[PDB]
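**Q** Please find one structure pasted underneath; my questions will follow.
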Amino acid sequence: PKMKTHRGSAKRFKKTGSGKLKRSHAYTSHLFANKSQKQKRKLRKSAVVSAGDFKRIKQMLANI
Amino acid sequence: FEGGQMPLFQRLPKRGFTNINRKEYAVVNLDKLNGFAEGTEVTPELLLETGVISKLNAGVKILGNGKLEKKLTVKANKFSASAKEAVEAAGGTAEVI
Amino acid sequence: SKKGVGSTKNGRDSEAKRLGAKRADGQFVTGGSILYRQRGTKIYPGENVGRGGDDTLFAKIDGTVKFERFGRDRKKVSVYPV
RNA sequence: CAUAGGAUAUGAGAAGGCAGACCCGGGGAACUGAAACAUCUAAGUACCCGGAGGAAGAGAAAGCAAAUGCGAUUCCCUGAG
RNA sequence: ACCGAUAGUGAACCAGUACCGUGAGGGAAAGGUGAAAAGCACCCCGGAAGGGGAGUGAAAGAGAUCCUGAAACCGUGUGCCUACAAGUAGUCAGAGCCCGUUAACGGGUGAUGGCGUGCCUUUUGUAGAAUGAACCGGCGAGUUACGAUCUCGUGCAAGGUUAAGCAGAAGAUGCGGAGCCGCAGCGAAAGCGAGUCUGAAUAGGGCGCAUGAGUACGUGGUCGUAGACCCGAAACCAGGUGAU
RNA sequence: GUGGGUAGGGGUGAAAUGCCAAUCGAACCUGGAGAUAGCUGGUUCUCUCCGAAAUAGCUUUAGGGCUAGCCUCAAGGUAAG
RNA sequence: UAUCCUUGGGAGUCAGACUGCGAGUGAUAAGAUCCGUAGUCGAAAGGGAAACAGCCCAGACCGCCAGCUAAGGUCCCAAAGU
RNA sequence: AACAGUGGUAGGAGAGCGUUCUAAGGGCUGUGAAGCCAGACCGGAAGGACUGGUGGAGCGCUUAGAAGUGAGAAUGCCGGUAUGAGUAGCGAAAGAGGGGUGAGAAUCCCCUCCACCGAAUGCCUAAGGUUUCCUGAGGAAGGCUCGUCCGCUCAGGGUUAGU
RNA sequence: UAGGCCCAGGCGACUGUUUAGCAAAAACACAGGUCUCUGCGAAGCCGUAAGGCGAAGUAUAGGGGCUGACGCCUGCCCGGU
RNA sequence: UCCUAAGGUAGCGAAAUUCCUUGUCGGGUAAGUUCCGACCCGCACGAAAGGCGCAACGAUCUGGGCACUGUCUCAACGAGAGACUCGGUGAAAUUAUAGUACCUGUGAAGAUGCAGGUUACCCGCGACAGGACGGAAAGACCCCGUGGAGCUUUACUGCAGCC
RNA sequence: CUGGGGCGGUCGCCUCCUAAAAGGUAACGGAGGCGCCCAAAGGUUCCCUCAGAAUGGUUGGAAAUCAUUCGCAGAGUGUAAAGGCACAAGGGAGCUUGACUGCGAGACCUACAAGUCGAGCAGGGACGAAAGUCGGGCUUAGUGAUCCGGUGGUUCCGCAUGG
Numbered sequence: 002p003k004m005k006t007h008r009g010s011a012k013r014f015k016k017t018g019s020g021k022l023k024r025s026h027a028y029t030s031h032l033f034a035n036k037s038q039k040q041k042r043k044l045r046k047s048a049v050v051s052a053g054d055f056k057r058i059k060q061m062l063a064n065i
Numbered sequence: 050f051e052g053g054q055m056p057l058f059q060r061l062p063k064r065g066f067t068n069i070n071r072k073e074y075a076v077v078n079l080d081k082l083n084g085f086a087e088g089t090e091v092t093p094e095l096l097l098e099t100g101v102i103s104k105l106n107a108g109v110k111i112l113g114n115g116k117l118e119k120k121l122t123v124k125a126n127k128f129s130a131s132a133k134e135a136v137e138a139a140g141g142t143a144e145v146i
Numbered sequence: 011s012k013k014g015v016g017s018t019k020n021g022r023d024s025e026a027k028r029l030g031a032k033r034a035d036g037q038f039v040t041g042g043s044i045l046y047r048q049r050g051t052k053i054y055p056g057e058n059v060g061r062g063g064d065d066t067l068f069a070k071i072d073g074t075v076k077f078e079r080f081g082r083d084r085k086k087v088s089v090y091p092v
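Residue numbers (full-length UniProt numbering), protein chains in the order written: chain A, 2 to 65; chain B, 50 to 146; chain C, 11 to 92.
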């Protein structure tokens, strides 16, 4: 039988074009009275999964 | 898996939402029409069997990268704005199905 | 048998924020990169360097970096263009 | 009165087992996996019980689907991980 | 492009037997004379058993758990050595004596000398007083099924390729374009598109493309789900057999 | 002595957690089951080629694990080291 | 002098030891423990230190019945000057 | 050709050896194959032949493909065998002698006495045992020893009810 | 071939029973005491119903707990459970 | 004098409880850490977890005395059954190969094996067991496994059952 | 976690010393903090010294307040500590809320996730004549993932279409 996709890692990573992985930033769910304004513009963007952890979970979501 | 440390697929939030009603438009780079001659018929039934589009996924949109030189009877579902003028730049008609 | 001794009371430590020199002397340094991190302004910004809000050193311009002095016992970052 | 019951007679009427394989309903776990454990997984499988057929069970619409409409089910391949 | 008697059904054979267990159950061992029984009359030894001859057969060393018959091991003989030497038992020097082979700086013993503490697993570390094996022979551990991904390789390439099924000796091929991957992305999305979201902003940045190559398959390197590298728990649970 | 009764998550016990077929802090037998074992033992044919580490961070982890550190194989930009 | 970086397949290792200098813990006790930087060993045989992973020299493609040195040695075991 | 390097565990990388089976060619065998048994041969290595002796019917090479792919260690499975070593043990107990049988007898069969139990080591009979009971032959094993003998192996024979 | 006896001492009153196959007692049992449940389809029990144990019994009876013959005795605290 | 819901009364008391301890004081003995008699600065006795005292009882349990004794100073001898010996049969645990000296010294820190020396002809047999960390049992104690099974209650969520 | 575990002590952050004149480095090694606080204790504008001592003096005393010298510093720095700071970051007054939204080439740090730094650009501001500063507080602490549901605004979808 053919492979699954590791579902929780599919609802959180839009696979970009040209072979990279997009993610969102953390620390952004609920608690906001103690992080200043400057972090908040830094953490509503997206980012890329780094070269270290990409080696680990590239198998989980190689089915787009 | 990370031995007990919180694995990377959880400490990141969920920013996913998928609608039923999405439309994969067929993607034509407007330059495969240069394989044809000018004055020919451009229908989505013709773009399938000529090998231009391998799969009509309910909608044929024509993009605008590149250029044409051929007056064509172009009818299709949707059009990008530069593609509507590029067909007229070759003098071709720009019917919208 | 063994007489059980406890009472540590001192077994903690912070983690150090990484101070010291960052860009070497005479190095071609682009604009807006950091030169030096310090708690308390030991080395003042001089030419073409401003004092940060967290009183570090950041280069306004491009070019090379020198360290002259403020005369008696006081230092300075001087950055010159090309 | 009449019934329970009793007696008597017609009944290739039934019951029982084996393919340790197959299906259909009724009852129904657990180690393990989750790096621990309960919801969860394990799986409605293991075993147990009734049914039958050589197949069974579903089956001629109170269904898909949203086009200038198909036409009872079952199964395969895709959809698709 | 299955096994050839420790393999293959537990069972090639009186095998679900013989035996173990009151019990539910467990569950072995053991195939080969020749082409033909022609299977040894006859003579000796002994009570035979068992030979030695003879005869049979091409072979009798083929003669009754009967082809081939190795090693452990038990030996019978003899070439060289040994009863003042300590000795992981060898090596390398090395006379004497004994030798004449796949004919070449030979064969076998070696009085004596010098260096010298087994293999394996696990360890910072082992001759180890840490484990493992009495040796001898056989069996016995990283496999396929499906998908992922990469390199190498094949054919076509801005197009590659068919699944099920039909026919056809299970096959090869033909038919079969239903789908999937790719040639355009970015936005969760509507929507837009060589640009795209955020934005009030033709600003600036994010990821895109400008410097295009994929896909069908195949050997491999791993990986996902599968007993998934073998051997091993104690234990849980179900259905039953047992107060000889 | 003889003939029966009570069954395992139960029986039974003038009580010990003793007895229940040489078994008992939950009997026995085939079943799920090639359970699971981050643990221990084992993993066979040869040469050539280069070749390490035992530390950091985090972890109910501390003898386990993943990422980075250090090694090999390939392809490059190249002379940057 | 040539080794770096980038991309990708593949790992193993995350229990380490000891000698000198630089500290802590200790009793300026340990072949103790926790590290720093440097060695060796681990994974490295050979020679010396009588023998000896860890010190002092030195790296083993393989053969010869040749030559030179290092650490350490030169009365005799045991090669070299009484 | 020149220059340089070659210790290596875990670990990566590259080349090859060999068994079983198949595939086309070729050949080689009752004028003796496979195997086995020996050596002093060759290849850098796993290795590969070549005579000689066994054996009495099949099997190599060249290139390919498929693998249940190769042992020396699992307190490994399964046989075969040593080790201790002719060493421990020979399962309570009184026989000795004379004849007889027989190849052979401390034991077997006889007689003689002395022995031992005797609320049992004695007679009946359940439980069970299933042919052991009986006579007649037989000694390859079964007796913790020999053995002519027997609870053993052979061919016969043996239980009777009205209560 | 069939008792060794005498002085005291705790612990158990006593004969009885168990740790088949380490442990025979100072443990259990025991008569008696005693507080309490329970009006008969009793309570308690087996165990989801039945059915017929308790009992062909009926508070001078039957389950349950606490102690251990007898003799002298059993005082204080209802705040928490 | 504060605090309690209330502060141990009767009888016992270095106790099957008692730590300091062998408490002190007396009898038992020449000598008495145990035993009995009394003392109470009862660490931590106490009233049905029962308190005390009790004649009869026990393969209980401590202490003392007589009787008689190889238990002992201090061994001796005798019978027999194994042992050794001569025929009969004949295993087993264990077992890397094994021509296996002992002193130091070193080493995974405690040698048969290596180094330094020291002594020792070869081969059995009867005995002793100092050693091979002698065999039998992958430690019963001890710690880890994210092991496990019995037990427990005011751990957590549940369930049966009576409400 | 553990110089065998047990109990005891600790678990993340911030600063110092160990640390070996860059950064980092451990010990159940040495010393103390934090789970805030502030509407001015921020923003600018402009203003100006401090701690003690010494005198002189009602009550007033060692030490209130007044002058008065000498005093680059001994104090003050919302708060631990180190590093700074007497050109203010110390101390006052006025006016105001930049404790601004969208960002940000570039770096430091880092296994990851996080955390840091900032020129400059825009829209709108505050203060000041202007230049210019202001993206909280003298820097480094003053707190935490996601999943989860609550909450306000939403040219976002909404299962035939309208909601």
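By construction, the Cβ of each residue, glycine as well, lies at the ideal position given by its N, Cα and C atoms.
Please classify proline 93(B): does DSSP put it in a helix, a strand, or coil?
**A** Helix, per DSSP.
**Q** What separation, rounded to the nearest whole angstrom, lies between the Cα atoms of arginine 24(A) and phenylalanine 50(B)?
**A** So the two alpha carbons sit approximately 18 Å from each other.
**Q** For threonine 6(A), which residues of its own chain have a beta-carbon under 8 Å away from its beta-carbon, when the five flanking residues on both sides are left out?
**A** These residues qualify, in order along the chain: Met61, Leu62, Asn64.
**Q** Ends of the beta strand (DSSP E) at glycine 60(C)?
**A** 59-61 is the span of the beta strand (DSSP E), which, as asked, contains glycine 60(C).
**Q** Measuring straight from C-alpha to C-alpha, what distance separates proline 93(B) and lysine 81(B)?
**A** Near 13 Å, if we compare the C-alpha coordinates of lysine 81(B) and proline 93(B).
**Q** Decide if the region 73-89 of chain B is in contact with the region 29-36 of chain A; the criterion is three or more beta carbon pairs, one per stretch, under 8 Å apart.
**A** Cβ pair count under 8 Å is below three, so no.
**Q** Leaving aside the five residues before and after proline 55(C) along the sequence, list all residues of the same chain whose C-beta is less than 7 Å from its C-beta, in chain order.
**A** Closer than 7 Å at the Cβ level, and outside the excluded window around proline 55(C), lie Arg61, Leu67, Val87.
**Q** Taking its Cβ as the centre, do 16 or more other Cβ atoms sit within 10 Å of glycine 16(C), making it buried, or is it exposed?
**A** Answer is exposed; the Cβ neighbour count stays below 16.
**Q** So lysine 41(A) is in the alpha helix (DSSP H); what residue range does that whole segment cover?
**A** Segment 38-43, the alpha helix (DSSP H) holding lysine 41(A).
**Q** Short of 7 Å Cβ to Cβ, which residues in the region 20-34 of chain A face chain B?
**A** The residues in question are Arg24, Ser25, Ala27, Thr29, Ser30.
**Q** Taking 8 Å as the threshold (beta carbon to beta carbon), is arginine 45(A) in contact with chain B?
**A** Not an interface residue.
**Q** For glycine 9(A), go through chain B and note every residue whose CB falls closer than 8 Å to its CB, in chain order.
**A** Going along chain B in sequence order, the residues near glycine 9(A) (Cβ under 8 Å) are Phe58, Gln59.
**Q** Which class does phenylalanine 58(B) belong to by DSSP, given the choice of helix, strand or coil?
**A** Coil at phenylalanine 58(B), not helix or strand.
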